[PDB]
Amino acid sequence: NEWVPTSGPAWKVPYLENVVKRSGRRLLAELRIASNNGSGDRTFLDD
Amino acid sequence: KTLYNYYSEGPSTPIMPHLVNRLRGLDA
Amino acid sequence: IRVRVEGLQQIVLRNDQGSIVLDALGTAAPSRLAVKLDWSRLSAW
């Protein structure tokens, strides 16, 4: 009888949000295959 | 072509089209 | 074959007691992409 429902919650309210974030392991792999990838193909057989 | 021609060319841009035109010429 | 202006690097290594142990000049081996763009670099190598 003290809390008015239109005033808003009086307890703890858990908000949320999606975030784009790559892990460290995923970034290390991306460096391996996209910037440190010096395989013979992708260099000489690219035509 | 001749053997004199091939000995003065050297590898070039894309090397797979090279080395196969050369091989066909050497086989010829 | 070279017989004779600055494309070299001074390479330094130190040990734990702050002492330089290498202090040597060096030159970078060409990358395969550089060979692709200039095949005479393989001959120099």
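Residue numbers (my numbering), protein chains in the order written: chain A, 956 to 1002; chain B, -1 to 26; chain C, 81 to 125.
C-beta atoms are modelled at their ideal positions from N, C-alpha and C, and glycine is treated no differently.
Residue i - partner residues in DSSP beta bridges
i: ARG94 (chain C); result: C:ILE100
i: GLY106 (chain C); result: C:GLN89
Contact list for residue i against chain B, beta-carbon separation under 7 angstroms
i: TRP125 (chain C); result: Here the premise fails: no neighbours, minimum Cβ distance about 14 angstroms.
Interface partners of residue i on chain A, CB under 7 angstroms
i: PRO12 (chain B); result: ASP1002
Pairwise C-alpha distance: residue j and residue i
i: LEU88 (chain C); j: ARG981 (chain A); result: 35 angstroms
i: residue 1004 (chain A); j: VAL115 (chain C); result: Since the first residue of chain A shown is 956 and the last is 1002, residue 1004 (chain A) is not available in this structure.
i: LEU983 (chain A); j: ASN991 (chain A); result: 10 angstroms
i: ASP96 (chain C); j: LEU102 (chain C); result: 13 angstroms
i: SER6 (chain B); j: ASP996 (chain A); result: 27 angstroms
i: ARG22 (chain B); j: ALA124 (chain C); result: 28 angstroms
i: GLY963 (chain A); j: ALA989 (chain A); result: 50 angstroms
i: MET14 (chain B); j: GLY979 (chain A); result: 38 angstroms
i: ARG977 (chain A); j: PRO9 (chain B); result: 42 angstroms
i: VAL85 (chain C); j: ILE91 (chain C); result: 18 angstroms
i: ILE100 (chain C); j: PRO110 (chain C); result: 27 angstroms
i: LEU971 (chain A); j: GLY106 (chain C); result: 55 angstroms
i: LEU986 (chain A); j: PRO969 (chain A); result: 36 angstroms
i: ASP118 (chain C); j: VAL18 (chain B); result: 20 angstroms
Within chain C, partners of residue i - CB distance below 9 angstroms
i: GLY993 (chain A); result: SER111, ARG112, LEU113
Chain-ordered neighbours of residue i on chain C, where CB pairs are closer than 7 angstroms
i: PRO9 (chain B); result: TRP119
Problem set entry | Where the region 85 to 112 of chain C meets chain A: residues whose CB sits under 9 angstroms from a CB there | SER111, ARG112
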